[PDB]
Each structure stands twice: as structure tokens, then as C-alpha cells.
Amino acid sequence: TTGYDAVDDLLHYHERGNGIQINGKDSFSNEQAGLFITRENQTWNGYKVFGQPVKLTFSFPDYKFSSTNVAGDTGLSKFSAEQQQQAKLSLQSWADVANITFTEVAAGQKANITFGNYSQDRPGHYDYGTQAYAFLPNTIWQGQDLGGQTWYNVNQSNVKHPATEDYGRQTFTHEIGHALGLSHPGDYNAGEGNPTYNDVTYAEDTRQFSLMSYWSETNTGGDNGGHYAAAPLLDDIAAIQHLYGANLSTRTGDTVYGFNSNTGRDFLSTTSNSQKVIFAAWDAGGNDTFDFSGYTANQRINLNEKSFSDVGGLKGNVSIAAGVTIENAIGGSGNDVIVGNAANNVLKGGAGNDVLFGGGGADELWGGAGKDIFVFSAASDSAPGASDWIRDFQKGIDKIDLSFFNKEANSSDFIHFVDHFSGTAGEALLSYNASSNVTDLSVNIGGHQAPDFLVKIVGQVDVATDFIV
Ligand SMILES: CCCCCCCC
Ligand SMILES: CCCCCCCC
Ligand SMILES: CCCCCC
Ligand SMILES: CCCCCC
Ligand SMILES: [Ca+2]
Ligand SMILES: [Ca+2]
Ligand SMILES: [Ca+2]
Ligand SMILES: [Ca+2]
Ligand SMILES: [Ca+2]
Ligand SMILES: [Ca+2]
Ligand SMILES: [Ca+2]
Ligand SMILES: [Zn+2]
């Protein structure tokens with residue numbers, strides 16, 4: 001496979017929406033999913049009141065063991081220090097993406113969102129079967145609003161120890177989701193009390209796209225390696241931003257995700273190959289980097305909005321929220337595929353045999369060690385006046401892949417190398433400056449005397465060995 005083949009495959013990963021079918025099910029766009037997850041139309045600002053900020057209180061009440069909650073469960077207790085710590089991180093992860101402010105109040109004071117443990121389904125009888133539940137805003141029962149109550153079965157080790165059992169942390173984020181107005185992404189009516197993924201309303205109702213789902217990411221071809229996302233995923237972000245608006249103040253500086261992170265978020269950071277990230281990135285400004293340098297697996301990194309990446313040996317585990325521009329990416333020691341976007345991108349392959357694709361804008365490309373391939377598929381990739389730079393080219397080892405053009409022209413003789421331009425479309429010209437150690441690659445794609453494509457290359461290039469055409 002060419003570099004271009006790999007780029008094309010990553011660009012078309014998890015295509016969705018526009019009426020297509022997947023797994024015999026309707027595919028929804030990110031937007032459609034956000035709307036469907038919020039189909040009850042309930043918010044803390046009112047029924048069908050969307051897009052407005054909200055300020056909410058939360059607490060950890062000191063529930064009495066023999067008391068019975070509204071759902072009939074008993075053996076109640078207050079959240080432990082560990083549970084409180086993890087719940088606050090879950091709250092923060094929702095506040096990061098939408099215009100929600102959370103303020104803690106005292107255990108005995110009325111609060112919008114509450115957290116409690118229960119252990120028994122009836123007095124003296126421990127429940128080992130259930131996990132957790134919560135009430136959406138404006139859930140009126142016997143005259144009282146149950147909205148905001150969240151309840152967890154502390155007999156489950158993950159609920160008791162969410163700091164070391166990542167399904168517990170996910171459960172906290174999920175149930176807070178309900179408390180804010182999110183539903184499961186389907187009702188699963190056809191499953192009649194024993195539902196499976198086969199009963200979804202839309203194909204992207206899986207844990208790849210939403211932590212409001214209970215269906216494995218494997219149903220959509222994801223693979224999270226036995227781990228569970230801590231924080232809102234791509235379609236959860238669409239949902240909650242529909243409800244309370246997008247948080248334009250979040251991470252507006254130059255932000256590094258992954259290794260060497262300055263996010264101050266556990267779920268956006270790692271300090272070792274064994275620590276695997278799973279996240280959907282929301283970022284409201286600045287020059288940002290996906291630093292996945294410390295992973296040894298073969299990775300695929302796509303910097304386009306709404307797109308999925310294969311990071312740290314997982315599949316479809318990293319994504320970028322709608323409306324977000326991430327500028328830079330750093331691969332690991334594996335053989336990576338790294339795809340930029342229309343902005344200026346710094347792309348670094350690291351060790352391994354990498355494929356780099358800057359796309360539009362003026363990109364800076366570093367293959368690193370290994371046999372790397374730099375791919376181009378439009379004159380606008382590297383326009384004169386905004387040229388890409390390949391900073392580390394090694395002749396006989398690295399390659400420039402222009403193969404898209406002859407494939408599109410269906411002619412082996414469209415791109416070809418000449419010693420001087422004649423105005424004929426397809427002509428490519430190399431010019432080497434031994435004094436500056438810079439090679440210019442100029443191509444006349446559009447058919448003018450002046451070329452419309454110019455790549456600047458640090459290093460010599462050997463035309464006999466270094467191209468894929
Ligand atoms: C056809 C997509 C529907 C998403 C909006 C929610 C409909 C209840
Ligand atoms: C047990 C009745 C509580 C109200 C239920 C409505 C939320 C599903
Ligand atoms: C099983 C109890 C769930 C209550 C919220 C729907
Ligand atoms: C309440 C819906 C849960 C679905 C898990 C099978
Ligand atoms: Ca940023
Ligand atoms: Ca940015
Ligand atoms: Ca690499
Ligand atoms: Ca680019
Ligand atoms: Ca490399
Ligand atoms: Ca290299
Ligand atoms: Ca470019
Ligand atoms: Zn739920």
C-alpha cells in the first residue's frame with residue numbers, strides 16, 4: 001500500500017450520517033446523535049430551553065443506612081472521600097465542555113445534584129445485581145422534582161473504588177449526564193427487557209461515541225483495550241453543548257494532550273506506554289498538540305474535527321470534538337499514519353516507518369528516524385507562498401508520495417520529471433541548493449508556466465529512488 005492509500009483509509013474512518021447504513025442500522029451524524037441523546041428535551045433551564053448557561057449546586061448528603069430512597073433502595077450511605085474526589089473530576093469534565101458551573105454545598109443543604117450510595121433492595125438484603133441510576137431534570141414525583149438525584153450500588157467494587165476501577169469513574173460521569181438531561185442513546189424497546197446492541201436506534205449508540213451507552217465500542221469497530229472512558233465522548237459533547245452551550249473558555253492557551261500534558265486532566269494525560277488514553281478533545285483556542293510520543297504501538301492520528309484516531313494500541317479511542325482545531329501531532333516509535341487538517345500543522349513521526357500528510361496550509365513535517373513517506377494530493381497542500389517544509393529528509397531512505405495524481409489522471413505519464421518547465425501540466429522539477437542544503441520540489445499541476453505546488457525539503461533528494469508516482 002502507498003502512503004496515499006493509508007491516508008485515504010484514515011480519512012474515511014467511521015464515516016457517518018447523510019442517510020447511510022451501518023450494521024443494518026441508521027447512521028446518525030454527531031449533531032443528530034446529540035439531539036437524540038437529548039430527546040426528552042429536559043434541562044435545568046426549562047423544558048425545551050436550549051443553549052443557555054446554568055449554575056448548579058451539588059452535595060454529598062449524609063444518608064442514613066435504614067432510610068429508603070425514592071426508588072425503594074435502602075442500606076444508604078454517604079459518598080466516601082475517594083468517591084467524592086472522583087465525582088468532582090466527573091463534574092469538572094462536563095463543566096469543561098459546556099457552560100455549566102458546579103458549586104458544592106453542605107451535606108444538609110438543598111442541592112440540585114446529589115450523590116448517594118445504596119446497598120440493599122429491601123431491608124437486610126444486599127443487592128449484588130444493580131449498578132446505578134439517576135433522574136433527569138424536571139422529573140416530578142408526588143409534587144417534588146427528583147431531578148439531579150444520582151444513586152450508586154456501593155456493593156460493586158467499581159462504585160466503591162472509582163479511582164482505581166475506571167468503570168466506576170465512567171458510571172459517575174454517565175449518571176451526572178442523566179442529572180443534566182441526557183438519556184441513554186436508545187430506549188431499546190424491541191429488546192423487551194433483555195436488550196442488546198441489535199435494538200439500537202442508530203449505529204453509533206456504542207461506548208466509542210457516548211458514555212451514555214452500555215454497548216461495547218467493538219460494535220462499531222472500536223477497541224478500548226479493556227478500559228472505559230472517564231469523560232464525555234464525541235456525541236456526549238454534542239448533546240451537552242446543545243443543552244447548555246459550548247464552553248469557549250476551556251484550554252484557550254497552547255495545550256498538549258497525551259504525553260507531557262499541560263491539561264491538568266487525568267483523562268487527557270499519560271506518563272507511560274502502559275497508561276492508555278481514551279478521550280474526545282474539546283479545546284477552545286491556541287496552538288495545540290496531540291503528543292503520543294511515548295507509545296510503542298502503530299498509531300493513526302487524524303487532526304480533523306469529529307475524526308477518530310487509533311492511539312496507544314487502542315482503536316478509535318481518541319477523537320476531536322466538532323468545532324475544534326488541533327494543530328500538531330507527534331507519533332511514537334511505531335509505524336504511524338499522521339493526517340493533518342487545513343491549518344498549519346507540525347507533524348512528527350518519531351521512530352518507525354511513518355506516513356505523514358499535511359493537507360492544506362503551510363505544514364512542517366518531520367519523519368524522524370525510519371523510512372518515512374510524505375504524501376501530497378493537491379496543489380493547495382503546498383502552494384507557493386505557503387510551502388510545506390520537510391525538515392529531515394534522507395535520500396534513499398525517505399520518500400515523497402505524489403501517487404494520487406497519476407491515479408486520478410489514470411495516466412502513468414501525467415506527473416513526470418523534467419529539467420525545465422514548458423507549461424505542460426504534470427511537469428515536476430527538482431532544484432538542489434548544495435550551499436543551503438535545501439531541495440525545491442516544484443510541480444505544475446494546473447497547467448501554468450509558474451508552478452502551483454512547491455515543497456521545500458531540507459536535504460538532498462534522489463529522483464531515481466525517492467518518489468512514489
Ligand atoms: C433523525 C435524527 C433524529 C435526531 C433528533 C431526535 C429525534 C427525537
Ligand atoms: C419510582 C418513581 C420515581 C419516578 C420515576 C420517573 C423516572 C423514571
Ligand atoms: C431503577 C431505578 C431507576 C430510576 C430512574 C429511572
Ligand atoms: C436501561 C437500559 C440498559 C441497557 C443495558 C442492557
Ligand atoms: Ca488550547
Ligand atoms: Ca487550536
Ligand atoms: Ca512513529
Ligand atoms: Ca495542514
Ligand atoms: Ca519515522
Ligand atoms: Ca525518516
Ligand atoms: Ca500543507
Ligand atoms: Zn444510564
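When a residue number appears, it is its place in the shown sequence, counting from 1. Values below: every heavy atom of this structure, side chains too, minus hydrogens, waters and symmetry copies. Atoms within a ligand are numbered from 1 in the order they appear, just like the ligands themselves.
Atom OD1 is the N, O or S atom of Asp354 at the shortest distance from the Ca ion (ligand 7). Taking the N/O/S atoms of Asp336 in turn, the shortest distance to the Ca ion (ligand 7) belongs to OD2.
With rounding to the nearest 0.5 Å, the separation of CD1 in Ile301 from CG in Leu347 is 8.5 Å. Distance check, rounded to the nearest 0.5 Å: CZ of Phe357 to OH of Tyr4 gives 7.5 Å.
Remark: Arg169 is not positioned above the aromatic ring of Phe172, lacking an NZ or CZ atom under 6.0 angstrom from the ring centre and at most 45 degrees off the axis. A cation-pi contact links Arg300 to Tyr13, judged by a cut-off of 6.0 Å to the six-membered ring centre and 45° from its axis.
Distance check for atom 8 (C) of ligand 2: every protein heavy atom is found at 4.0 Å or beyond.
Between the side chain of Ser382 and the backbone N or O of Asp388, at least one donor-acceptor pair lies under 3.5 Å. Between the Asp398 side chain and the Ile373 main chain, no donor and acceptor come within less than 3.5 Å of each other.
Residue, atom and distance of the protein heavy atom nearest to atom 1 (C) of ligand 2 are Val70 O, 3.8 Å. Counting protein heavy atoms only, atom 6 (C) of ligand 2 is closest to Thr139 CG2, 3.9 Å. For atom 4 (C) of ligand 4, the closest non-hydrogen atom on the protein side is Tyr214 CD1, 3.8 Å. For atom 5 (C) of ligand 2, the closest heavy atom belonging to the protein is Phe135 CE2, 4.1 Å. Protein heavy atom closest to atom 2 (C) of ligand 4, with residue, atom name and distance, is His184 ND1, 4.0 Å.
Put simply, the residue from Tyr228, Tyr167, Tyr133, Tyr214 that forms a ring pair (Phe, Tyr, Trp, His ring centres under 6.0 Å) with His174 is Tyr214.
With salt bridges taken as basic N to acidic carboxylate O contacts below 4.0 Å, none links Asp166 and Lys276.
Of the angles at the Ca ion (ligand 7), the one spanning O of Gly332 and O of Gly349 is 90° when given to 10°. One finds an angle of 80° at the Ca ion (ligand 7) between O on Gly334 and O on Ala351, to the nearest 10 degrees.
Contact annotation: for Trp215 versus ligand 4, heavy atoms closer than 4.0 Å belong to the side chain alone.
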